[PDB]
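Chemist:
In my numbering, the protein residues as written are 226 to 339.
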């Protein structure tokens, strides 16, 4: 229901510190962009891949004043794809959060110089 506190995967949390170093930006802002990038990706994200042992986010800090809009957008995309928001919203949300951060990392890790 609330979705108040959530945890990304541990290895993704490492990738996020590196994006932080590369970029000079706060984790919330990098994660929000990633989540947005993943929510506009064609393919569904993997529901198998990610643990919840990494960094904790607060929905208020993470999404900000667009929280209801991001939540609703996620619930629509779920119902479309075949998932149930009443059972899987946390898992489905985190699948996009993790995938978003990985996608950014996969390009930006390469820089090394950054």
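Virtual Cβ for every residue (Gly too), placed ideally from N, Cα, C.
For the putative contact between residue 258 and residue 323, defined by C-beta atoms under 8 Å, what is the C-beta separation to the nearest angstrom?
Modeler: Residue mapping note: residue 258 aligns to position 33 of the chain shown, counting from 1. Residue mapping note: residue 323 aligns to position 98 of the chain shown, counting from 1. About 14 Å separates the two Cβ atoms, so there is no contact after all.
Chemist: Three or more C-beta pairs closer than 8 Å, one from the segment 255-274 and one from the segment 294-304: is that the case here?
Modeler: Output reads yes: the segment 294-304 touches the segment 255-274.
Chemist: Could you check the C-alpha separation between residue 287 and residue 281 for me, to the nearest Å?
Modeler: For the purposes of this step, residue 287 is identified with residue 62 of the chain shown, where counting begins at 1. For the purposes of this step, residue 281 is identified with residue 56 of the chain shown, where counting begins at 1. Spanning the two alpha carbons is a distance of roughly 10 Å.
Chemist: Thinking just about the alpha-carbon of each residue, which of 332, 318, 260 is nearest to the one in residue 231?
Modeler: Against the chain shown, residue 231 aligns to sequence position 6. Ranking the options by Cα distance to residue 231, first place goes to 318.
Chemist: How many angstroms separate the CA atom of residue 251 from the CA atom of residue 283?
Modeler: Taking the chain shown and counting its residues from 1, the one referred to as residue 251 is at position 26. Taking the chain shown and counting its residues from 1, the one referred to as residue 283 is at position 58. Each residue's alpha carbon lies about 14 Å from the other.
Chemist: Nearest-angstrom Cα distance between residue 308 and residue 272?
Modeler: Translated into the one-based positions of the chain shown, residue 308 becomes position 83. Translated into the one-based positions of the chain shown, residue 272 becomes position 47. Their backbone Cα atoms lie some 10 Å apart in a straight line.
Chemist: Counting C-beta neighbours from all protein chains within 10 Å, is the total for residue 246 16 or more, i.e. buried, or is it exposed?
Modeler: The count along the chain shown starts at 1 and reaches residue 246 at position 21. So residue 246 ends up on the exposed side.
Chemist: Taking the C-alpha atoms as reference points, what is the distance between residue 315 and residue 229?
Modeler: Sequence index remark: in the chain shown, residue 315 carries index 90 (1-based). Sequence index remark: in the chain shown, residue 229 carries index 4 (1-based). Distance between the alpha carbons of residue 315 and residue 229 is about 10 Å.
Chemist: Within 10 angstroms of its Cβ, does residue 331 collect 16 or more other Cβ (buried), or is it exposed?
Modeler: Locating residue 331 in the chain shown gives position 106, where the first residue counts as 1. Exposed, by the Cβ-count rule.
Chemist: Please report the straight-line C-alpha distance between residue 333 and residue 254, rounded to a whole angstrom.
Modeler: The residue you call residue 333 lines up with position 108 of the chain shown. The residue you call residue 254 lines up with position 29 of the chain shown. Spanning the two alpha carbons is a distance of roughly 16 Å.
Chemist: Go ahead and pull the three-state DSSP assignment for residue 243.
Modeler: Walking along the chain shown from the start, residue 243 turns up at place 18. Looking at residue 243 - three-state DSSP - the assignment turns out to be helix.
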